[PDB]
Every structure is written in C-alpha cells, then in structure tokens.
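Structure first, then comments.
We place every Cβ from the backbone using ideal geometry, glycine too, and count neighbours over all the protein chains shown. Please treat every number below as a calculation from the coordinates, not as lab data.
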Amino acid sequence: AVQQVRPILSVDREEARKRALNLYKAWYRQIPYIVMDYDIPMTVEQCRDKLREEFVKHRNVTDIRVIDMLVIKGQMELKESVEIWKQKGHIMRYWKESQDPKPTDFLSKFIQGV
Amino acid sequence: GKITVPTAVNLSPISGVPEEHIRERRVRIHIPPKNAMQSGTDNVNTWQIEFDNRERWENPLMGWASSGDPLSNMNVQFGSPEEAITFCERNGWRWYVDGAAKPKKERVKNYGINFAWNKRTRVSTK
Amino acid sequence: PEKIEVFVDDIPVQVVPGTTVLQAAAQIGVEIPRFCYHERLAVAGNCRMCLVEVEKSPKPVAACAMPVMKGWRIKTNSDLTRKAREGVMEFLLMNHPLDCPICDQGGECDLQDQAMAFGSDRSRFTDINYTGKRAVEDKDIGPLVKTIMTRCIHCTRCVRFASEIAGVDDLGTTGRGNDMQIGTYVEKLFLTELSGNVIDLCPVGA
Amino acid sequence: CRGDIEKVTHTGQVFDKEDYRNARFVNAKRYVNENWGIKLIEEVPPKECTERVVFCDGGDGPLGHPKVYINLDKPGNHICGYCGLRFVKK
Amino acid sequence: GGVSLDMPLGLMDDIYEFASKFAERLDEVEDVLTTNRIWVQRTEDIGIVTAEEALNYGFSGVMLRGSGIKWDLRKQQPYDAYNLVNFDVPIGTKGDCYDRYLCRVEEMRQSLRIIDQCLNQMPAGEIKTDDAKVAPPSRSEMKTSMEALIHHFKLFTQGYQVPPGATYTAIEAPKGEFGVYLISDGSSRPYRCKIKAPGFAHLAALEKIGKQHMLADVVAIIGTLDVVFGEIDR
Amino acid sequence: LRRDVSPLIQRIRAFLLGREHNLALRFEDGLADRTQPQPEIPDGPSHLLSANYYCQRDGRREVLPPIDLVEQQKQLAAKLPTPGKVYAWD
Amino acid sequence: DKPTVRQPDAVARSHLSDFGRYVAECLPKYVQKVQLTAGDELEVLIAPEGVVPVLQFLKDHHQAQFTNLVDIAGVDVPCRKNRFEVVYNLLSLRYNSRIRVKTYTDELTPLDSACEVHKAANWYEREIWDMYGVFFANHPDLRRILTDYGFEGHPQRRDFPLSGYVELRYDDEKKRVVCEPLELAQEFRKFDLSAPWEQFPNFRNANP
Amino acid sequence: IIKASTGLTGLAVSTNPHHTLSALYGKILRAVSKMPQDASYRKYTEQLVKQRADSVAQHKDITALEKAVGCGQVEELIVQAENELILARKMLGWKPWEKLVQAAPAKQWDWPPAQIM
Ligand code: SF4
Ligand code: SF4
Ligand code: FES
Ligand SMILES: [Zn+2]
C-alpha cells in the first residue's frame, strides 16, 4: 500500500502546511489591493471571509502531493491576482453570483423536480 | 530523492469537478452490450465506465432534446475492471459495477446431430 | 476427453474433440465471419463465408461445420482464405438490392460490416444494364414483421429458429436455384410468442 | 383573423388554441408548405408493364435515386420505396 | 486519398492568365514598399535573430531562412510532387524584418515558377485513390453498383478504419513548419491529433526579442513574425 | 474592345509606372467559358475487370506493429551510425 | 505492381534502425525501448527520470544533432497506471532526420523540464500543464496559457466532458460576464461508431 | 584567405579555427578519459574525436578541412565541439552507462489500451 514517488514542491506534510501558510499569508496581504484595484461589490471583510471559506473547503485533504498541487494552483491564481490579468468577473466567480440557491430538503426538490 | 506515500489518493480537489457532481453521481463500470442484430464482438471486449442518465427535456422553442447534465456523453474505456476501480477511487467518483463478464460457456457443435437415429435433435428442414 | 493440439494462425491451442474450426479459432480470439451459423442454432452451410484454408488440403474447409482433428494448421489470414471470402461475398452481393438508404438494418447489417472488413471494394457485375438483378415478391407476415425478401441471402437462420426453438413449422424454403424463396408457400400469419427474435436473427434485414 | 396558424402541415402538426407556443406567431408568419407530397404522388398514374421484374431509376441516371428492381408477380400496385412511383402488371 | 473533386474545365486557362498578370503587380508593390527609406527604417536591424537563436528556440520556415539557415522542407523531405518541380529557396543574411520581407516576396516569385511547372506538366488520370474503403466512390457507381453503395453508406456514417499507430508528419507551411502528430486507436475516430503550429514557437521568443526595442519596433515584430492565432491557440 | 482610357492617359500612366502596363482586371474574351461540355473522368489502375483482388492491393492490412529494434538484432544475430544523410545547411 | 500502397523509404529505415541501436547502446540507463514504426518514424521510450539527459544528448552529440524541437505533445490514456505520456518530437537539420522521445507521467508525479535544453519547452510544457496537469519542475514560470483565467480543471483529459462544466453569460444586474452551470439548448448526440468486426489481424496480439 | 562572412546571422568568422578545434577535441578526450572503458559512449566519442583530430591534423587549409569533414563550416565544427564538451561534462555527472532506474510498468507501452487480456 506504500509506493516511492518523486516529491512535488515538498518532502513532508509539515513543510507542505508551512507553504500553504505562506500562500494564505500572501493571499491575506493581497486582499486589500484586490478590493482597491478591482471594481467589485465585495468588501475587504467579505473577501477575507471567502478566503477562509476556500481554505476550510480544502481543510479535509491529507496527501502531500495533493496539497502541494492545491498550493501550486493557489499560487498561480494569486499571481493572476497580483498582476491584473483576471477581470472583475473573474474575481467575483468565487462568490456564486447569478445562481439561485438550490434547496436541500426533499419536499422543495420534489416540487421543483430536482 | 523519493518519499513515502499511500498508494490510494483522492484527486477530486485538484480536478475541475464541482461538489454538486462529485457528491451525487454514480458511475457504472460495465461491458457494453453486443448488438443482437450483429454477430460480431470486437466492440464488446473493452470495459468502459459511464455515468447515470439525468433529466432530458423538450426544448420550448424547437423540438430538440436539452440536458443540463455535462457528463451524459462521456464513456471512458478500460482494459480490465480493476483499473476502472482504481480510476474511480483515484478521481473520487462513487462507483458501482453493473456485472462481471461470463467466464466460459462450454458448447459443442456437431453436424451429425442434425441427422440422427432415435434422437429428437433431428432437423426437419435444410 | 483428452484435448488435441491444433495450430491456428501458427498459434497452439488445446481443444476438446468434436469442436468446430470456428470454435477452435474463437478460443484464442480470431473470429471467422458467418451468416448461416448461430451459436444457439443448428450448424449449416447455406453461405460459404466460413471457408478457411487448412494446410495440405486441396479445398478450403467450412469452419463452422469442420470437426478439427489432431495437428491441423489453420491459416485464417492466408491469401487463399481472403480470395475465397471475397469471391463468396461478391456472389452474396450480386443480386442483393441497393436498398441500404431505405433499409432499417443499415448501420447494423452484417453484410455492410463484412463488406468493409472482408469483402472487395468494387463490383465486377457488368450485367446490371441488361438482364438486371433478381427481385422477388414480398411475403405476407403479420403486424410484427415487415417482409422484403429481395434483401434475403438465403441463410435459413429463420427456418432453423422456427423449426427448432420456436416450434412452429410454417417457415420454410421453396423452390430451386436462384429462385429459392425463404418464406411461407401460402399467405399465413407467422404467429409465435418468440417471433421478434427472428428480426434479431436475420443477418441482413429481410 | 390569420389562417396560417391553424393550418396543418404534412406531418400532422398544429398548435391548438390553448397552447402558449402560438405567441411566437403574433409577429411572424407560420411557414406551412402547400405542396404536400402525398397528393402529388397520388396524382401521377401507375405505370403498366408486361415483364415480371422492372427497374426504377427515378429520372436521369446519375441525377436520380439508386437503381432498384421490383417484382410484379403479385397483383396490385407496387410502390418504389425511393421515389414513390407505382408499377402494375397486366 | 487525393482531392474531393476534379478540376473544372478551363480553370488552368484562367490560372495561366492570372500568373502572367501577377508579376507586374509584384513589381508595382516593390516600387512602393521595397527600398523606400521609411520601410527600411521600420524593417532593418529590427528583431535580429541569430542562427543559434532560431535553432534552439524552435523557429521554422522563414525565421530559419531569414538568419541564413538553408532549411526548406519542400526539398529536404519532399511530399506530393515537390520533388518533380524545380525552384530556388530564398535565404536571408541579416535576419531582420527586411530580410524576412524580401524572403516572403521572393517566395511569391518562386511560387509563380512552381505554378508554371504545375500547369506545364499535369497528367490525365484519376483524382482519388481507388481503394474504395478509404475514399468515397463516384455517384454513378454509388447509384449503380452494390459495393460502392455499401462503401458510400459506411464511409459517410462511420469513418474508415485507420490501423492503430502513431505518426508525426510535418510540411512547409508558409508560416513555417506545420505538423500533425496523429495517433489512432484503430477505431473510426482519432485518439489524439496534436497540431504543431509554427506561430506558437515563433511567438514564444517574443519575450526575448521584444526587450530593449521601441513600441513601433514591437509592432513591426508582430508584423514580421507572421502569426495567426487560430493555430497558436489551437 | 476593352474599357480603357484614351492613349494620352495611357502613355501618362505608362510613363509614371516605368514599365509597359498590362491590364490587371479580367475580361470576358480573356477568360474561359462559363458554360462548357460535360467531361469524362478516366479510370484508374484497379478498374480492370480481371486480375483485381483486394488482398493484393490492400493498403490498410499491410500495416504491422512497430519492430522492437533492440530485440530485432537479438533475434537476427542468433562509419559511425547516423540517423540520415549529411545535409550541409552551413 | 501496387500503386495504391505507399512504398516505404529504405534509406530512412536502415539509418534509423542503426541509430536506434546506437542510442540504445549509448544510454542504457534511461532508454527502455526503441521502435521503428510504420511510416519510417523512430520512437525512443525513456524513463521519466531521463527527460533532460536524453534530450540534451540528442541536442549536442556529433552523431545526433537533434537541435530543433518542434512540438511537445501530451496524450492522456487513462487505462494505464501512469496515464499521461509526453512526446518530444525533435528535428535534426544536420543529418536531415526526425526522432520522437516518449515518456510516461502521472499528474502528481512531476517531470523534468527541458527548458534548459530547448527554449521552445518554455511554452510547450506550459500548454500540457494547461491541458493535462503535468507539472514540470524547475520551469521558469509555469502559468495558464490557453484556458480562461478563472478556469478550474484540465480540459483535454478523457475524464473531462466535451462541453465543459460551466458556461458564461452577461448579467446586466451585476453588469458583468458571470459564470453559470452548463445547460445546452441541444445536447451533444453521442454516435456509437464502433466496429463489431475486427479489420486488422496484424494488431490482434500486439498488446503483449 | 579567410571568408567574408559565414552566411549565418550571429556567427563570427573564426581567426584560428584549427587551434580551437584541436584544443576542443583534446578537452573532449580529457573529459571522456575519466569514464569507464565498458561504456559505449566513451568508445564512440573517442573514435569520432580521434578521426576528426586526424582530419584537422592532416589538412592545414580551412576549405580542405571543411571538405574533408563534410559537416558544415568550420565555425559549426567549433559549435559542435563545444556542444559535445558540454555533453561529456554532463555525462561525468549523470552516469548513464548503468542499468535501468525504472523498468516499464505492465500494459504501459502497448498502444490499443482497452483490449482485455
Ligand atoms: S439487407 Fe443490408 S446490404 Fe441489403 S439493403 Fe439492407 S442494409 Fe443494405
Ligand atoms: S430471411 Fe434472413 S434469416 Fe431467413 S434465410 Fe433470409 S437472410 Fe437468413
Ligand atoms: S456461417 Fe459458416 S458456412 Fe455459413
Ligand atoms: Zn424509384
């Protein structure tokens, strides 16, 4: 159940958690520049709450290569957010705008057919 | 420069699958059915995974069939069931197997049983 | 019941005695094209697509009715086998109607797939401008079966399924020569609870 | 009133008066072909032939349908499945 | 398997008159573009590409031959009667936009004599290959014979069965080297069709070429790179 | 005749061009005829009635799997090597 | 004579066979298998640890100047254990030849970047990363080159849908182009173009 | 008699190509002398560098040397010699004459993927 692979961007889970904390620190420092340089309705506190929500969404993972993959894609999205290549519509894709909240109860899904 | 990892990974966060498709979709691993109006079997030996059918509705404007399911047309080929199990557990899909292949049907085809004495296997036509 | 040694496609196989050449070759993976042999019906020779070349033999052998013996070398991919299959199949395709754009088994016809797989690429039939092709009248079978006997290749899968499994004797082949017709002599309803399977068992789509 | 909405097509289709889909025709014309194929193929007379099997080409050689042979031993009118022309044997 | 349709009658009787008339229009273009001093000032010593630059950075076609490399894929690896025609290959020296522009207009000049040779010798024969399982048959054979109707039906419903295997072909595009890495699994559909566009590899060196140049210099560099972004974006 | 200026403007244009001017636009008498007789397409090598078998000219079925070059020497053995001829691109 | 059958080039067969045995002899550590395919193309099947030392070798040797790198191609074959394969096509202008160097790579396992050897791998190795998720270690900048800036996922894998997961539409309430879950007006009609009869008997036992 | 230009952009005409080629071939030989003799790369490199050193020793003229070697101009010979020296100094670090570090996995290099058995 154990294989030897080539590590990507980490050699231990504490190092991977430390680099994820580097990613969170740089994202937290880049929040008020994102609110200032984009014409978005979301404020600084809402952006920080969304950043915390996207980190605790990926809280559940355990594997070193998977969490390093997540850190790499997060740093790429951050580099697309420091240099302004994303638009105001790309920034507001984290908040699910223009989407009706689907119900969770069985009765409303039964009436709506979902 | 190698590390130690478990051989079972979950690649559902690093893929592009949303939560509403990874949490409630059932994957059928199956051998596709042979067309009963054909005697060939070259399209049968390949295993494949497919997804469950979703709601397909009539278009309001024209008579076309519209579906909001993005994965209705995606069948992925595999050479063995166990590799499909490994793929479904690696990509985080909820899997089930429709049915294993038939191992062997032992049959004998003799031309002499069409014309037999005191046997009920004798044919009446030719 | 000791197994015997058969070299098919220069590949060894151990087969129990009494098996056909088609079964002894399908044990390893290679399949011979067929029209008048079903696995659940009686073996017959109404087509000659199963002609394979065995070594040190003057004539090709019909693989779906050949009880193979010890130490035969069967060559499925030989030149003589491919020439025999092309000749027999263009014989099958000589009088068949050009009905593929108006035939419901087009796209799942065995004749189309075996013409791409094993048949020739063109026609040598230069006698269509004069004396024409064969056309026969449609037989009267009831509301489950649409019958056009011009597309039929006379393989007697339907007759064998009626006589053996369905149990009704109303189907048969009438006449001699090119004029054999695979249908009932009189206007009768082929009534059976298992009639729909005959639509599955017709290889072309008559 | 507009008579182009309730007129049936050759496929047997018409939007009834309680349908919401007739609101698309309040500013645009509903296109119904007045040249039905059924009457235009029933209008032509059948062709009488003496030989047992005939061939139907549908017109010119390369510009028609693929050639078929029809057996006229059965009494009645035999319809070509490509073009719809009817043959009959005396 | 060849071409879809045969040439219409009298097409070459217009192609010859057109190719006779094209050279005066070429000279009229060089009378206003070539050796005009403003065009030289916008095209000389601008975006200098060396030989090792074009060799290492994956350049192909004119970007190879602006710098002095004699690589033309119509002569080194011939294809489709390019070995039966005779022509010269334009080779630049300085590697700037002016040498690439002169190489492109000289390519337009040599294509006229390849056109002249192609109209001078043209055999009378078939247009498609006669394997009817890889090429569609004629409509008279489709409407007359049975095997051609079956092959027309099959090859226009599900494609011809290509044997399973990988190949990478590459010809001389006017932009550069156009390549197809086609990998087939034995079915009627390709498993993989990767396209090597030359404009992708030409555009990948814009980051090094465009540094320490002016804004109109960069405008002339994309003007002389001969990029089309449909194949770059694939 | 052709739609063209008088010869004074012709000689002015030919003097300003620096060369003898030929017309850049097509004409009806200088082009091929739009209506034209029907052609016949010649037959190829395999349209002969006799001695044509598909297996002798089968292009798709002569393709083999690729040869393992390490094992080819091992099963055939039971000036430095170059990948091609030397081309001088200087 | 067969004029409808393509005749192979023997001088592109013997030279490529001798060079394939030569490159198998010179690099036994990385090269697992060399093969000369139909169509006179040479394939070298390297280990994933030998991406840089093979492509450097064919770059700089006197008997192999494969100095041009035309394209880096990723193929996703999900049946295999290492699903992705990476194909480097190299052109030799001095000896007028071509080679293909193929390796196997999983999405989590990184691959050596050939950007130090050939600079065209500065961009081509990005494209596979944009389309398969093959991470190329020690790359100058590994960014997203072709898909949208807010795109989540790698599209050219066979486990990715053809129509994608999401669509874009203009919202005049938010005054911006917003992202919506996918609903097609007419679905993609999947045609079952499968051959029930095998047509190539030479490829029947080509898997072992 | 030296050439006016080499015909390639960015390549300068070498003033002393014979001494540069001989020194580069000697440096390649001194690099590959550290390698074990059972390695094939060392034997093939020694053979080609010895025959090219014999070519640059027999012919003291530039054009006769380019005709005798036959692989491009002599500046391209200097470029190829520097490239081979870089390759050899990388071979002393990489050590590729050993066994395979990773064998091919099962069902990896067969192309038709979904065929059973
Ligand atoms: S039975 Fe088969 S070959 Fe005959 S017309 Fe129908 S589809 Fe065509
Ligand atoms: S009708 Fe069909 S099943 Fe019966 S003999 Fe003819 S082809 Fe065979
Ligand atoms: S099916 Fe075997 S001979 Fe007819
Ligand atoms: Zn008709």
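Of all residues in segment C:27-44, which are more than 9 Å from chain B (Cβ to nearest Cβ) and out of contact with any helix residue (DSSP H, G or I) (no Cβ under 8 Å at 6 or more places or on another chain)? Once the filter is applied, which keeps residues that are more than 9 Å from chain B (Cβ to nearest Cβ) and out of contact with any helix residue (DSSP H, G or I) (no Cβ under 8 Å at 6 or more places or on another chain), segment C:27-44 yields C:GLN27, C:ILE28.
Close Cβ contacts (under 7 Å, 6 or more residues apart or on different chains) running from residues in segment C:98-117 that are farther than 16 Å from C:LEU201 by Cα and more than 13 Å from chain G (Cβ to nearest Cβ) to residues that are within 16 Å of ligand 4 (Cβ to nearest atom) and in a helix (DSSP H, G or I) comprise C:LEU98/E:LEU149; C:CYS100/E:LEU149.
Here segment E:116-149 is the region considered, the condition is being surrounded by 15 or more Cβ atoms within 10 Å (Cβ to Cβ) and among the hydroxyl-bearing types (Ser, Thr, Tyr), and the residue that is nearest to the other protein chains (Cβ to nearest Cβ) is E:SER145. Listed by first and then second residue, the pairs with beta-carbon distance under 9 Å, at least 6 apart or on different chains, first residue in segment C:149-167 and closer than 14 Å to B:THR121 by Cα, second within 16 Å of ligand 1 (Cβ to nearest atom) and of a type outside the set (A, V, I, L, M), are C:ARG160/C:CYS36.
Among the residues of segment C:182-200, those that are within 16 Å of ligand 1 (Cβ to nearest atom) and surrounded by 18 or more Cβ atoms within 10 Å (Cβ to Cβ) comprise C:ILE182, C:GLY183, C:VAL198. Scanning segment G:27-51 for residues that are within 30 Å of G:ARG6 (Cβ to Cβ), more than 7 Å from every other protein chain (Cβ to nearest Cβ) and either of a type in the set (A, V, I, L, M) or assigned to a helix (DSSP H, G or I) (or both) turns up G:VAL31, G:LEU42, G:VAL44, G:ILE46.
I'm trying to understand the selection: among the residues of segment A:43-82, which are β-branched (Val, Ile, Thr) and over 10 Å from the mean Cα position of the chain (by Cα)?
The answer is A:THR43, A:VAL44, A:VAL61, A:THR62, A:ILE64, A:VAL66, A:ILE67, A:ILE72, A:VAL82.
Determine if segment G:195-202 includes at least one residue that is under 26 Å from A:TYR94 (Cβ atoms) and facing another protein chain (nearest Cβ under 7 Å). Taking every residue of segment G:195-202 in turn, none turns out to be under 26 Å from A:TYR94 (Cβ atoms) and facing another protein chain (nearest Cβ under 7 Å).
Identification of helices (runs of 4 or more DSSP H) wholly contained in segment A:21-114 with 2 or more residues that are over 25 Å from B:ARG25 (Cα atoms) yields A:44-57, A:64-82, A:88-91. Of the residues that make up segment D:58-79, is at least one farther than 30 Å from C:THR126 by Cβ and within 16 Å of ligand 4 (Cβ to nearest atom)? Scanning segment D:58-79 turns up at least one residue that is farther than 30 Å from C:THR126 by Cβ and within 16 Å of ligand 4 (Cβ to nearest atom). For segment C:181-196, the condition of being under 23 Å from B:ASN114 (Cα atoms), in a helix (DSSP H, G or I) and under 19 Å from the mean Cα position of the chain (by Cα) holds for none of the residues. Filtering H:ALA31, H:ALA23 for residues that are away from chain G (no Cβ under 14 Å), within 28 Å of H:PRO96 (Cβ to Cβ) and part of a helix (DSSP H, G or I) leaves a single hit, H:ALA23. Checking E:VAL62, E:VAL105, E:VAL89, E:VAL85 one by one, the residue that is more than 26 Å from E:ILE209 (Cβ to Cβ) and either among the aromatic types (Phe, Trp, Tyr) or under 21 Å from the mean Cα position of the chain (by Cα) (or both) is E:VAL85 and no other.
So which residues in segment H:48-105 are more than 19 Å from the chain's Cα centre (by Cα) and either small (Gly, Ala, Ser) or away from chain G (no Cβ under 12 Å) (or both)?
Matches in segment H:48-105: H:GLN58, H:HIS59, H:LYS60, H:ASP61, H:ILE62, H:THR63, H:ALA64, H:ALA103, H:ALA104.
When you check G:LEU55 against the structure, is it away from chain F (no Cβ under 14 Å) and over 25 Å from G:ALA206 (Cα atoms), yes or no? So G:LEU55 fits the description; yes.
Checking each residue in segment C:163-180 for being over 27 Å from D:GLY81 (Cβ atoms) and either assigned to a helix (DSSP H, G or I) or within 16 Å of ligand 4 (Cβ to nearest atom) (or both) picks out C:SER163, C:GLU164, C:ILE165, C:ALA166. Run down H:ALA57, H:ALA81 and say which single residue is in a helix (DSSP H, G or I), surrounded by 19 or more Cβ atoms within 10 Å (Cβ to Cβ) and of a type in the set (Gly, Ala, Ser). That would be H:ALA81, the only listed residue that is in a helix (DSSP H, G or I), surrounded by 19 or more Cβ atoms within 10 Å (Cβ to Cβ) and of a type in the set (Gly, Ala, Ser).
Those residues that are within 30 Å of D:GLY58 (Cα to Cα) and among the aromatic types (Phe, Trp, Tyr), I need them from segment D:8-41; list them, please.
Listed by number, the residues that qualify are D:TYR31, D:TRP36.
Of all the residues in segment E:13-53, those that are outside any loop (DSSP other than H, G, I, E, B) and within 9 Å of another protein chain (Cβ to nearest Cβ) number 13.
Pull up segment G:1-25, narrow it to residues that are basic (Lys, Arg) and surrounded by 14 or more Cβ atoms within 10 Å (Cβ to Cβ), then point me to the one that is farthest from the other protein chains (Cβ to nearest Cβ).
G:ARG13
Every condition in (1) surrounded by fewer than 23 Cβ atoms within 10 Å (Cβ to Cβ); (2) touching a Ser or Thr at 6+ places or on another chain (Cβ under 6 Å); (3) over 30 Å from B:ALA8 (Cβ atoms) is met by G:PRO48 except one, and the failing one is (3).
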